[PDB]
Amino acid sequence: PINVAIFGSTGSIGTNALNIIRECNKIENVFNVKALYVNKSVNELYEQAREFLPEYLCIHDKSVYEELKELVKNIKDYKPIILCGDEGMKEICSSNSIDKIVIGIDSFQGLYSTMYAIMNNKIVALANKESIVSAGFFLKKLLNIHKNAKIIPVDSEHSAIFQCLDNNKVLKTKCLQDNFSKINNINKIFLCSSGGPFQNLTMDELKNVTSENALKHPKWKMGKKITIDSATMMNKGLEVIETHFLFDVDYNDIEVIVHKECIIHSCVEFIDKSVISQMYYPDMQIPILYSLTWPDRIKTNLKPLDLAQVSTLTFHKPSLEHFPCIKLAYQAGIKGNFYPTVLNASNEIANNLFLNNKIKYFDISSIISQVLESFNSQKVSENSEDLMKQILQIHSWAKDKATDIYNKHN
């Protein structure tokens, strides 16, 4: 019986996490939701609290901690440990009652809970990709110290890849570890992309796209930031780096392929040239579930895949001219050092600027290129505590520099 915490429960991933847990529990109860944790949204956390009755509840924002303790008074015969800020986060990671922790907090901020989840030797079902991009070697170093901790990828493409693996080999190693690809006989990765809503546009049309065109008609509603990254393909850019770290695959062995129906979620070519891929409808229910039940699988009543209903599956290379964020991500990843940190930090700004209609589409890649060009490699700190500080200083600097380039231009 699997004890699970959901970090970022009110968001897209968190909501989807509880949905599949709920649905699986109907068939046979095997999950216990032990904790939930959010930033600002008090009401919805309360609603989730009544449904799942988690032993722990927590909220980052101090100033709604009163406004919440209050609301949880209405549940009868229910006394939860109710906590606040990073301190609550740390306490939940400490609990000897929680086995597995889902990381559905967005952006750079997801790194802190991921960091502590590892420190506490937990299974970490990680959807937050920014943490891996900004801090992969830090996470590697940290996973090396804490032998029993594990990152199980929830990002759908990375879930797919992980599912294509013979667990006979995976079990001899773990994600984000040198030699993962050699132990798993991995030769190369096809990293599938939906292509986003802007895929068939001319350069001219592209120049003019807006924040609004990007958010429109979600297959399922994702957080605003990933949705924008999907649209610039910076999301695939980030996922390239994430692949390199998770599975120790060289950048030259990672191929981005646009596959608009999103049925094949990614493919692994093995050293004999046999390719294995994972398929399902565009959905996060399966990656989340698998990360919670690995190395096993359990029954669900999800809609079965129907290949004849899908009928056609297509594959084409992305245009680097239309989607330059991809190139930038490869450049940054191949240079290594802290360039991924800079890539990620400057995108966060340019993503928000475009989101709030502050900048045009090609200004996104323009900002990110200028910031990367302005960065200079630093000696990688030796101990974990110093490395973290260094990551933080570089992250804030790249953010400031991005804001700065925008300011110095209107």
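We call the rigid core the largest set of C-alpha positions that still match within 1.5 Å between the two forms. Residue numbers run from 1 along the displayed sequence.
Superposing each structure in 9 other deposited structures of this protein on the rigid core shows that the farther-lying of 17-25 and 382-390, by root-mean-square Cα distance, is 382-390.
Larger root-mean-square CA separation from the shown form, computed after a rigid core fit of the structures in 9 other deposited structures of this protein, is seen for 204-212 when 73-81 is set against 204-212.
Modelled in this chain, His217 is nonetheless unresolved in at least one third of the other entries of the protein that span it on both sides.
Looking at 198-206 and 308-316 together, the entry lists the larger mean B-factor for 198-206, computed on C-alpha atoms. Comparing the deposited coordinates for 129-137 and 210-218, the stretch with the larger average C-alpha B-factor is 210-218. Of the candidates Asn347, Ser374, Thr341, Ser41, the deposited coordinates give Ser41 the top C-alpha B factor. Per the deposited record, the Cα B-factor of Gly88 falls in the highest third when ranked against the other modelled residues of its chain. In the deposited entry, the Cα temperature factor of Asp77 places it in the highest third of its chain's modelled residues. Looking at the C-alpha B-factors along this chain, the one for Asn96 belongs to the highest third. Annotation for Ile364: C-alpha temperature factor in the middle third relative to the rest of the modelled chain, per the entry. Among the modelled residues of the chain, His259 sits in the lowest third by CA temperature factor in this PDB entry.
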